[PDB]
């Protein structure tokens, strides 16, 4: 049976400077000549890690935490937020003067231009203010949204949108995610198409968000400085991304 390895980006493929380690390129190389399938599973939107994909030559991935899965350049599965609900959120956010940013598989758009909260938070990500397009969600598959408001203001949103999940990543911005879906469900879908079995699947992750994944695959690998709760569910704890963790880990697991 063929083996496949899923990698997440942050703290896994990319180090803390957002750079790709030389040893990782080697790891992926050896991994490919050994016949081991290589893919990515992340919460990130496709257009947010296109550079990593281009660098490693990976065209199969689970993105948007499983809400958008691509197999060898083609869309295998896609579950965007319900149009109705995105609209309601937009209108409600508008009423409160809170801006939103809509994310589809290719780009993102703001409901309000030149807004202070978007500038600051997006800049913390090293991104410019997204182009403005208040009705972008109308004829597009919106997989995620960013609600720009303070924690002391989210209450109503959380309350009125139980079908959504909110995960704050900045003082003035929080991710608006779909309640259903997961990377494991995304991985499950791909191995089925690939004819692979859970036991033959490996996964490297670094954040709280990778637990579900590391738990579902046959061999979950946690990075050296990953959160304690990430290591707990891991079948193996490797060195940090900073210290050839991906390479060392793959070696110990005898994949390369």
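Numbering follows the first chain given and starts at 1.
Asker: Going by the B-factors listed in the PDB entry, is the mean over the C-alpha atoms higher for 108-116 or for 71-79?
Answerer: Stretch with the higher mean C-alpha B-factor: 71-79.
Asker: When the C-alpha temperature factors are averaged for each of 40-48 and 212-220, which stretch ends up with the higher value in the entry?
Answerer: That would be 212-220.
Asker: Looking at 144, 174, 96, 121, which has the biggest Cα B factor in the entry?
Answerer: Of the candidates given, the C-alpha B-factor peaks at 96.
Asker: Out of 170, 126, 129, 87, whose C-alpha atom has the biggest B factor in the entry?
Answerer: Answer, based on the entry's C-alpha B-factors: 87.
Asker: Comparing against every modelled residue in the chain, figure out the third that the C-alpha B-factor of residue 100 lands in (lowest, middle or highest).
Answerer: It falls in the bottom third of the chain.
Asker: Going by what the PDB entry lists, where does residue 161 fall on CA B-factor within its chain: lowest, middle or highest third?
Answerer: As the PDB entry reports it, the C-alpha B-factor of residue 161 lands in the highest third of its chain.
Asker: Rank-wise, by C-alpha B-factor, drop residue 26 into the lowest, middle or highest third of its chain.
Answerer: Middle third by C-alpha B-factor.
Asker: Residue 135: which third of its chain by C-alpha temperature factor?
Answerer: Ranked within chain, residue 135 CA B lands in the lowest tercile.
Asker: Could you tell me which third, lowest, middle or highest, the C-alpha B-factor of residue 9 occupies within its chain?
Answerer: Tercile = lowest for this residue's CA B-factor.
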